[PDB]
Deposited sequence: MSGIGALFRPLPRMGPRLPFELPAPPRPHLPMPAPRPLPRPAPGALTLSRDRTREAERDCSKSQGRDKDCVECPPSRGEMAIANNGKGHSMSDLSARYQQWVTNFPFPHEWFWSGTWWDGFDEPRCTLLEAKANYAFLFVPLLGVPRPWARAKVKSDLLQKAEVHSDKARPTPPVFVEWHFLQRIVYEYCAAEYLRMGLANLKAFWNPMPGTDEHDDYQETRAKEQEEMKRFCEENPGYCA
C-alpha cells in the first residue's frame, strides 16, 4: 500500500514561505522538475537549508532523489558496501537535517520523493528507525520510465487484491 502522492501547483503560519528561491550549484534534473515544478535549478532556501521544492498551499517542503539504485544490491535490499559513505551523506544525513529544520510540526511536513523503488524501500525503513516523524517518503516516479511502468501495475494489482477481498467481506 505505497504512499499516495499529491499533485503540485505552479509558483511565480507556514514559515518556509519566509524563504525564497536560489540557484543551486540530466535525468536527475528532469525528475526534480517533475516533482517540484521549480524552474531551471532554482530551489527553496529557508532556515539556512536547501530544499528541492516547496508546496506552499500544503505547507510542505519537497525533495527529489533519482539515480541511486546502482548504489544498492537490488534483491538483498542493502547498499553496496563501498557505497555506504554516499548513502549516509546524500540520503540519510541530509534527511535528518531536514526533519530537524522544521519547527511547527503540525503544519510543516517534509516529503522525500524517490524515482526508484529499492531506494525508497531502504530510505523509508531507515527513516522510521531514526525517529523522523515529520518526514514521509514516497515512491513517486515521473512517467516514461521502467519504474512508472511497475508503478502503474502495482497500484493495479492492489485494486485487484482489493476487488476480491472486499466483495467477499464487510470491509
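- In this chain the deposited sequence has gaps in the coordinates at 1-10, 23-71, 85-92, 239-241, listed in sequence order.
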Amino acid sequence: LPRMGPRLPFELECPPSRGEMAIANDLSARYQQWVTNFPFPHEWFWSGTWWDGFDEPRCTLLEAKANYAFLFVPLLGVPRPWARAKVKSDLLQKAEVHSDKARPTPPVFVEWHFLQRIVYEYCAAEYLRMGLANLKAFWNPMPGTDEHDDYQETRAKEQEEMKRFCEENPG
From here on, numbers count along this sequence of modelled residues.
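- Set 140-148 against 108-116 and average the Cα temperature factors; 140-148 ends up higher.
- Set 60-68 against 99-107 and average the Cα temperature factors; 99-107 ends up higher.
- When the modelled residues of the chain are ordered by C-alpha B-factor, residue 29 sits in the middle third.
- Sort the chain's modelled residues by C-alpha temperature factor and residue 122 lands in the lowest third, per the entry.
- In this PDB entry, residue 53 carries a Cα temperature factor that places it within the lowest third of its chain's modelled residues.
- Ranked within its chain, residue 40 lands in the highest third, by CA B factor from the PDB record.
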